[PDB]
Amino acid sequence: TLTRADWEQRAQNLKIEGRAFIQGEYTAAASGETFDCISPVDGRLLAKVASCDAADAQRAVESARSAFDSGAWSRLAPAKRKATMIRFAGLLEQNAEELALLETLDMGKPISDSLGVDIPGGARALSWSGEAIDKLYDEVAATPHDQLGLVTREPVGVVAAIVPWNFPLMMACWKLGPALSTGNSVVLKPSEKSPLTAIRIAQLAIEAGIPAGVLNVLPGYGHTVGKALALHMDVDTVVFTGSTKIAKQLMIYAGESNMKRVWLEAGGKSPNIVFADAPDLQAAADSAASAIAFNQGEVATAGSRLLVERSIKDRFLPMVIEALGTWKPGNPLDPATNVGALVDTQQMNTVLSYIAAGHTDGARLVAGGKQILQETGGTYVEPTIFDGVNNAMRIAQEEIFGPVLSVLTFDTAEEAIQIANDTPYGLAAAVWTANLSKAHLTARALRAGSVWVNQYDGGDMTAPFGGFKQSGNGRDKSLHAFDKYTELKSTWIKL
């Protein structure tokens, strides 16, 4: 296992690709323009990254359409797409240390998180979706003796995948795993905040046997190359993870253009509900802390509203505070670090503005509240807890996307449910109770795509993942993620 010094040497010794990837080749943007990729770790210049626009989009869509029409991947045998997808995942694992290090330098998460959560997680999404292609079965209808009716699925065609920066490789693999498996071509627009891992893996896909043009990568700004894709006339489906504001704008784009399919995964204000009869109080405290502190609160499913029953609130809130103190911001290149940098100064000041709004709304600060380690030139905020929060307050309604917990109270399960669902979101939620009926009945009433019971951030590749309401449409991971990339056909045959 590598020391801190070991990692800082590796970061020095990287040659970092910054070019786009189109038709099996790395390429500049047609303008030749670039944008600067700056690390949140120290502030250094990682690379000069190609800044793509509509022309670069049009080139990539033509490469996607061409490759798809050729059938070189979309009609390649399903046992062979399995093999190739599994090889693709293993090449992520082969160069895990390079890819993890790129992910830490690019958006600022702890190297030990990247090495042990992100890169394994993205490979997992690829290899699992690969294992599943030939385990899937389409349907025959019950038809009269002179009819045979097939209901089959086929690749939609060309998929645009616009992903965010909080889990750059993992989120993109969550889109690529199912989309690439079902035979589609994918044009992949990573975040401007985190272009480095999507850029590197394009060569890795080619080397695994993905045919040229089946996976092109277009780094650049959302309002440029991203808009262009969402607005393109030859793009069939767009998949997306990011701000509820942009997801909504994507829908408009689709209706303004070719009426493409739009699948969104937007934000969340996920309630974490601890009941007085929780089986292990310490586990819930540890989990409540981990729910807001992990990946410096830049998590869509962050447990950002802690919902406690009064009977235990006085005993519980110190337990949470003590757990949350084990989560200390640090040098993201240090393997012992578990809280990293916020992605950029912009993210840092939104977080600090919300903390202020916590005071202004009337809540009470009980831990954190400050930016630390500014001597580094990095951007870090200590995890922060607010108490006496009321669900109408700005820090209970609006997604903060930082390590900032709100704590509310309730007396009955009917109340807890009502407060948990008093949000435009529905991405995740948690229930802690040892009572069988209360456990299941509360899971039913929670309008959230993911409901964890006696644990937080649960699920593996078998669990679908996505939101209710303004939190998204569709589900990533699992067999259901495939449905966003396929189209049902009814072949009815007279005999």
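When you see a residue number, it is the position in the sequence shown, counting from 1.
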Original post:
Averaging C-alpha B-factors over each stretch, which comes out higher, 153-161 or 395-403?
Top reply: 395-403
**OP:** Compare the mean C-alpha B-factor of 94-102 with that of 137-145 as given in the PDB entry, and name the stretch with the higher value.
**Re:** 94-102
**OP:** Could you check 264, 367, 196, 276 and tell me which one carries the biggest Cα B-factor in the deposited entry?
**Re:** 196
**OP:** Name the residue from 291, 251, 389, 419 with the greatest C-alpha temperature factor listed in the entry.
**Re:** 389
**OP:** Classify residue 377 as lowest, middle or highest third according to the C-alpha B-factor given in the PDB entry, relative to its own chain.
**Re:** highest
Original post:
Against its chain's modelled residues, does residue 484's Cα B factor rank lowest, middle or highest third?
Top reply: middle
**OP:** Name the third of the chain's ranked CA B-factors that contains residue 315, choosing lowest, middle or highest.
**Re:** middle
**OP:** Check where residue 69 lands among this chain's C-alpha B-factors and tell me if it's the lowest, middle or highest third.
**Re:** lowest
Original post:
So where's residue 409 on the chain's Cα temperature factor ranking, which third?
Top reply: lowest
